[PDB]
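What follows is a set of notes on a single structure, which appears directly below.
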């Protein structure tokens, strides 16, 4: 994901993970329920690991697409909590709405990383320092998307994680939920480490790739920004406007 | 590399002799925002580099810092996003983890000879095992391993020196030190600094490896009475010595209070002569081609701290025959009369 | 009847969100816009507290319930107790004076005052919510804005303190979430979240102790309990005065108020098990945080530890199963809100005038800044539990709740009172050490060439405005007791049988 | 109100015991008046000539209103003089 | 303060606890502490009204109307009791006073101490936000020194 | 019962076999937790007089928009009077015991009526009950003195 171009990084990360979650529900609940004890442990192990190491790696990463990949690993580790719980003791609605919010709040982040790279050129994280002065809207969008991914205030990813941990507690997965919360804090750290840079600025901690940003030398008001602000709205309000999404995700009881 | 830290230590002297290394770094790569995580008394020297950016204060030779300060500086070096470190803190494990916790592509450091560097290679790109455990005792160079790694022949020549120790003074420090020596009985052209006085202070810029580096005052009184006065201005490290100096050499002698090495270099640049003992004043005199004599306690320390005396043709190095800094005080006067006019 | 508490809580955010771009590129327009909004919100709060809040009824007033998320049974429950209205008025007063003290800020003042209004909404949301998960929402909603007005405004190592604070508070808010999850799910049949429906449940002791651990680890950092208190001396001591006077003024009191809501009247039979040890913890906390404060060369960390020390009396009054103990805890919440707010305000202005931090330097500055000197002295006297100030009656009613306690016996009461009242010997030591170090003296290099500016009329009004309730509550304590005491009986009726 | 109390040791006591209270409404009213006074002062003294944070002492050097402006300034002005020194060495001192 | 040069480190960290004051050996009593100063004869008149109104005029940004309402506000709330008991009228009037004060505090003068620290370079009088609505001057980027002298 | 900090129910102080209660329940002005000091029979006999004098001199406190504090002071000093009468009756001479407990019953029924009048913010009934309860307060004051 460091070498591949950022837009297909976004597309393949999010799309492969949602399709592979569809498969990881399908080929596990329908044909492998008889061994569902043993299976669960496997996923649980992976889930715990995918919640820890991912959210423990991206702390110390200087890239941006790479640490976004590790944060995506952590988010899918949260998703496996909803995979592990069956359809009865907290269904797959939590997993569904978290994949919804994951799309909505990761494609926005990748859209901001795209605009920072079609205007500056690079994807190293130290170049993000000083974006609040050049572009308050792009900085605000990336900060709101990352805060949705971390989930301090009532945003999309916070309430998605809340639904996941609700289903996990109710089903009785305490070691999944507690580790997921620890690593949610651990992810909040590096998200705010990003938000440190694109809010601060000192006229030399910025780079010569941030100094020459050039929003206006552009084709027009793109449709990139349209999907970016759509993803920002869909990472902000669906945390608030969650009851329709839960109600349309609860009526999927036929996965067996 | 694009951003380069430096976790150096020692104080005034050891931070001064790192300027060739930093100029080497900025000569190797086109643009390097250099930073220094050094001790207090070391940041002051970093007025005189014109090649550095931040120069924070850490005292890495504390070994037992406040965890608040330790974690603050770890996160600071992380959030500055360096590509090289170049410690010369002279420690292996423990400090190697402190360099590894910084997101650095090329962790470079010095290493204890003893067992204390049990696992430093697991975290560092370069080893640099050292000598004497007191690296300033090695002398002026002190960085030949760090230099002969920096800009090794990969495409072009190393060029490890660039006219060694090009220190540089600002105009504000020049103005305030000019007002200082003009408040003294000195003129900007014809005066001579001293910077050797018996004291108990870290502002004399001595070393970490030299103990008998600072000469007494009665022996300095005999030295300065043996020479006709070219108005020698005295450079005390603390005001308590002023009333001592006036008690020894006389009330008529003019004393200037300088503790900042930047102010000291601003004094050197205006001076026309230097009679320093083994302090940073010798190297600040060899910088900007000023005539020194450079007393020492031994020819060994004199060769170690001044190896290039045959290249400036003015710093006629002086030592003591026996140890304990008991020099002749006779021929030093003769070649002082020779070189200062 | 009318959505009162909702237009209390959402109004600062819904009025600061009108600063989308707002092309006025000086601090004047947004400074006055947001102080006007804060005054309007304070007046709305008072008109709810005066003409639409019965002070005798120890039940939920101005109640309001919506349906936000049906799966969690997550409502928009709002409600006012007798032990929560005082903290709400304190939130209004202290945050209003905080944005007054932030008048000279001009760096990114639009963002600063917006985040101030975000804190202003979130704190009242945490104090006014009768839903557990909503209490968690408004707990974590005063986490990002405080981070952003702590890391980009105030303090040398502000980034370290800000990340320490946000990760410590999040690592405790997850324990709070464990608690609300436990109570809601494993609480009873028909799982709910409404605290009004929840305060009369069984909660057997093997589960009640677990919920109490899960909530005490959450509230042990916000009201700092000395195993878990290290976030404060870095956070307060490296923050701006306008943020720090609500970090200690009202943000420290959630956790003390929380130990009353979700621990004292929701888990009473487990609080009867845990309060004997919280008592020893608070008694050790007073001495510990009064002995660390002379250890601090810094001026602002001294007052941060002072807050850790004065929270010990609230811990003790909470762990005192008495009406006097808890009334003294609520009164000390409000009293130390005023005191710590004004003290951090004056320390910040003293740093701005003097530009020195440590008490080894910064000798005699009384002749330089005499107005700051006298206001700091009066508020150190109020921190001292001096009569005529609210601190005395607080730190005496808590003692009286100890000595009139039915839980504890004399062999323990003697030790507890002794270790509590050593605190009021050690508190003179550090407070008057601060005063004699930073104000009493003469520095020969500061004769006339400096001639610093004195406390301007704005800062003087700040300090005086926070002083007058302290004096008024020292001379007549029932400005604070009378709004809580009835409710306190509604707590203690759950304890005696 | 008046009570005579006999005591063996010293004397008689003529206790009076005016049990009173400010009352529920007057307490609300003093809360009201003090909040209104806080409004008045927050507006008026906010519109006062704050003499410290207006001059070239605070607003001149840095003066953003933060607490790190001193430290970042004295960390930047070293960098600015170092940059000016490199510019001076760029044109032969 | 400024400290263009790096300051001198003090070799005597006087103490963690004792204050930074001079000793009694060097303390000139009376003159320093003011115990023997204030010889009456250098004092001035202004008996308590020629120095209160002088101090009010010393610190004031209030014009004729804003200021008159400030002087008549607290007397209006003080007579909200002991003369009548209106109720919500007091709070509605207080909110009206706050909002009209804030609208008035969008002052025609802008007083450059209000602006950012980066603005203080020189010549800032030629900058006129006071009259120029929709200023349109991209100087708040704060990453390069543009010449705004036009 | 581990010496320091008895735990669990936090029991009320008991009622020692007296008819001082209501017989339709125990009593309603009882404050749950108050530290009544176990002084001694003369001390209880004087503290009855002092609390009755307080309740007697509570005349000024009564008025419009003040009944909450009336109820609070009532239930407080009446709880003190309750436990003091309990210890006095339980340590009586068995010949002045019956008139004293009938006195306490006809005093506490009136305190109950007064609390019912003040908790409900009934001012006129509060005062009309305060009349005969003042008669009873002067009666107990001249009994104990």
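Cβ: placed from backbone, ideal geometry, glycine included. Neighbour counts: every protein chain shown. Please treat every number below as a calculation from the coordinates, not as lab data.
Scan the range E:129-150 for residues that are under 27 Å from the mean Cα position of the chain (by Cα) and facing chain A (nearest Cβ under 10 Å) and jot them down.
E:140, E:142
Could you please find all residues in the range C:172-192 being more than 17 Å from residue C:141 (Cβ to Cβ) and either at the interface with chain A (Cβ under 9 Å from one of its Cβ atoms) or in contact (Cβ under 8 Å) with a residue 60 or more places away in the chain (or both)?
If we filter the range C:172-192 for residues that are more than 17 Å from residue C:141 (Cβ to Cβ), which is where we start, we get C:175, C:178-179, C:181-192.
Selection gives C:175, C:178, C:179, C:181, C:182, C:183, C:184, C:185, C:186, C:191, C:192.
Exactly one of these conditions fails for residue E:140: (1) closer than 16 Å to residue C:24 by Cβ; (2) free of Cβ contacts under 8 Å to residues at least 24 places away in the same chain. Give me its number.
(2)
Any residue in the range C:193-209 that is assigned to a strand (DSSP E or B) and more than 12 Å from chain A (Cβ to nearest Cβ)?
Residues of the range C:193-209 assigned to a strand (DSSP E or B): C:194.
Narrowing the set further to residues that are more than 12 Å from chain A (Cβ to nearest Cβ) leaves C:194.
The answer is yes; a qualifying residue exists.
Does at least one position in the range C:68-79 carry a residue that is touching a helix residue (DSSP H, G or I) at 6+ places or on another chain (Cβ under 9 Å), part of a helix (DSSP H, G or I), surrounded by 21 or more Cβ atoms within 10 Å (Cβ to Cβ) and in contact (Cβ under 8 Å) with a residue 12 or more places away in the chain? Break it down into steps so the answer makes sense when it comes.
So the first thing to find is which residues in the range C:68-79 are touching a helix residue (DSSP H, G or I) at 6+ places or on another chain (Cβ under 9 Å), and the list is C:68-79.
With part of a helix (DSSP H, G or I) added as a condition, the list becomes none.
No; the residues of the range C:68-79 include none that is touching a helix residue (DSSP H, G or I) at 6+ places or on another chain (Cβ under 9 Å), part of a helix (DSSP H, G or I), surrounded by 21 or more Cβ atoms within 10 Å (Cβ to Cβ) and in contact (Cβ under 8 Å) with a residue 12 or more places away in the chain.
For residues that are free of Cβ contacts under 8 Å to residues at least 24 places away in the same chain and either more than 10 Å from chain E (Cβ to nearest Cβ) or more than 30 Å from the chain's Cα centre (by Cα) (or both), tally how many sit in the range C:353-366.
So the first thing to find is which residues in the range C:353-366 are free of Cβ contacts under 8 Å to residues at least 24 places away in the same chain, and the list is C:355-356, C:361.
Checking the rest, the ones that are also either more than 10 Å from chain E (Cβ to nearest Cβ) or more than 30 Å from the chain's Cα centre (by Cα) (or both) come to C:361.
Within the range C:353-366, residues that are free of Cβ contacts under 8 Å to residues at least 24 places away in the same chain and either more than 10 Å from chain E (Cβ to nearest Cβ) or more than 30 Å from the chain's Cα centre (by Cα) (or both) number 1.
Does the range D:85-93 contain any residue that is free of Cβ contacts under 8 Å to residues at least 60 places away in the same chain and surrounded by 17 or more Cβ atoms within 10 Å (Cβ to Cβ)?
Going residue by residue through the range D:85-93, those that are free of Cβ contacts under 8 Å to residues at least 60 places away in the same chain are D:85-93.
Those left that are additionally surrounded by 17 or more Cβ atoms within 10 Å (Cβ to Cβ): D:85.
Checked the range D:85-93: at least one residue is free of Cβ contacts under 8 Å to residues at least 60 places away in the same chain and surrounded by 17 or more Cβ atoms within 10 Å (Cβ to Cβ).
Can you tell which of A:54, A:90, A:77 is out of contact with any strand residue (DSSP E or B) (no Cβ under 7 Å at 6 or more places or on another chain) and on the phi > 0 side of the Ramachandran plot? It would help to see each step written out before you state the result.
Numbers: A:54 fails: on the phi > 0 side of the Ramachandran plot; A:77 fails: on the phi > 0 side of the Ramachandran plot.
When all the criteria are applied, what remains is A:90.
Given the conditions (1) within 30 Å of residue C:365 (Cβ to Cβ); (2) free of Cβ contacts under 8 Å to residues at least 24 places away in the same chain; (3) more than 9 Å from chain C (Cβ to nearest Cβ); (4) not in a helix (DSSP H, G or I), report the number of the one that residue E:61 does not fulfil.
Result: residue E:61 fails condition (2) only.
Somewhere in the range B:290-312, is a residue at positive phi and either assigned to a helix (DSSP H, G or I) or crowded, with 20+ Cβ neighbours inside 10 Å (or both)?
Our first condition is that a residue be at positive phi; within the range B:290-312, this holds for B:294.
Adding the requirement that they be either assigned to a helix (DSSP H, G or I) or crowded, with 20+ Cβ neighbours inside 10 Å (or both) leaves B:294.
Checking the range B:290-312: at least one residue is at positive phi and either assigned to a helix (DSSP H, G or I) or crowded, with 20+ Cβ neighbours inside 10 Å (or both).
Picking from C:43, C:20, which residue would you name as being free of Cβ contacts under 8 Å to residues at least 24 places away in the same chain and more than 30 Å from residue E:142 (Cβ to Cβ)?
On the way: C:20 fails: more than 30 Å from residue E:142 (Cβ to Cβ).
Being free of Cβ contacts under 8 Å to residues at least 24 places away in the same chain and more than 30 Å from residue E:142 (Cβ to Cβ) holds for just one of C:43, C:20, which is C:43.
Those residues that are part of a helix (DSSP H, G or I), out of contact with any strand residue (DSSP E or B) (no Cβ under 9 Å at 6 or more places or on another chain) and away from chain D (no Cβ under 14 Å), I need them from the range C:137-155; list them, please. Spell out the reasoning first.
Step one: list which residues in the range C:137-155 are part of a helix (DSSP H, G or I), which gives C:137-140, C:144-151.
Now restrict to residues that are out of contact with any strand residue (DSSP E or B) (no Cβ under 9 Å at 6 or more places or on another chain): C:139-140, C:144-151.
Selection gives C:139, C:140, C:144, C:145, C:146, C:147.
Looking at A:201, A:180, A:168, which is the one that is assigned to a loop (DSSP other than H, G, I, E, B) and touching a helix residue (DSSP H, G or I) at 6+ places or on another chain (Cβ under 8 Å)?
Every option except A:201 fails the conditions.
Counting only residues that are more than 17 Å from residue A:113 (Cα to Cα) and more than 10 Å from chain C (Cβ to nearest Cβ), which one in the range A:188-205 is surrounded by the most Cβ atoms within 10 Å (Cβ to Cβ)? Walk me through it before giving the result.
Residues of the range A:188-205 that are more than 17 Å from residue A:113 (Cα to Cα), as a first pass: A:188-189, A:200-205.
Checking which are more than 10 Å from chain C (Cβ to nearest Cβ) leaves us with A:202-205.
Details: A:202: 14, A:203: 16, A:204: 17, A:205: 19.
Across the range A:188-205, the extreme among qualifying residues is A:205.
Take the range C:44-67 and flag every residue that is outside any strand (DSSP E or B), more than 14 Å from chain F (Cβ to nearest Cβ) and either touching a helix residue (DSSP H, G or I) at 6+ places or on another chain (Cβ under 7 Å) or under 22 Å from residue C:120 (Cβ atoms) (or both). Steps first, please.
Pass one, the range C:44-67, residues outside any strand (DSSP E or B): C:44-60, C:65-66.
Keeping just the survivors that are more than 14 Å from chain F (Cβ to nearest Cβ) gives C:44-49, C:52, C:60, C:65-66.
Hits for the range C:44-67 are C:44, C:45, C:46, C:47, C:48, C:49, C:52, C:60, C:66.
Restricting to the range A:127-170, give me the number of residues that are farther than 30 Å from residue E:139 by Cα and at the interface with chain C (Cβ under 10 Å from one of its Cβ atoms).
Step one: list which residues in the range A:127-170 are farther than 30 Å from residue E:139 by Cα, which gives A:148-170.
Retained after the next criterion (residues that are at the interface with chain C (Cβ under 10 Å from one of its Cβ atoms)): A:150-155, A:158-159, A:161-163, A:165-170.
Summing the residues that are farther than 30 Å from residue E:139 by Cα and at the interface with chain C (Cβ under 10 Å from one of its Cβ atoms) in the range A:127-170 gives 17.
I'm trying to understand the selection: among the residues of the range B:124-155, which are out of contact with any helix residue (DSSP H, G or I) (no Cβ under 9 Å at 6 or more places or on another chain), free of Cβ contacts under 8 Å to residues at least 60 places away in the same chain and assigned to a loop (DSSP other than H, G, I, E, B)?
So the first thing to find is which residues in the range B:124-155 are out of contact with any helix residue (DSSP H, G or I) (no Cβ under 9 Å at 6 or more places or on another chain), and the list is B:125, B:133-134, B:145, B:148-149, B:152-155.
Next, from what is left, pick out any that are free of Cβ contacts under 8 Å to residues at least 60 places away in the same chain: B:125, B:133, B:145, B:148-149, B:152-155.
Those that are out of contact with any helix residue (DSSP H, G or I) (no Cβ under 9 Å at 6 or more places or on another chain), free of Cβ contacts under 8 Å to residues at least 60 places away in the same chain and assigned to a loop (DSSP other than H, G, I, E, B): B:125, B:133, B:152, B:153, B:154, B:155.
Checking residue C:428 against (1) under 24 Å from residue E:14 (Cα atoms); (2) in contact (Cβ under 8 Å) with a residue 24 or more places away in the chain; (3) at the interface with another protein chain (Cβ under 8 Å from one of its Cβ atoms), which single condition isn't satisfied?
Result: residue C:428 fails condition (3) only.
When you go through D:10, D:3 one by one, which is the residue that is away from chain C (no Cβ under 14 Å) and over 30 Å from residue F:61 (Cα atoms)?
Exactly one of D:10, D:3 is away from chain C (no Cβ under 14 Å) and over 30 Å from residue F:61 (Cα atoms), namely D:10.
Quickly run through the range A:1-29 and pick out the residues that are surrounded by fewer than 14 Cβ atoms within 10 Å (Cβ to Cβ), in contact with a helix residue (DSSP H, G or I) (Cβ under 8 Å, 6 or more places away or on another chain) and farther than 30 Å from residue A:61 by Cβ.
Matches in the range A:1-29: A:26 only.
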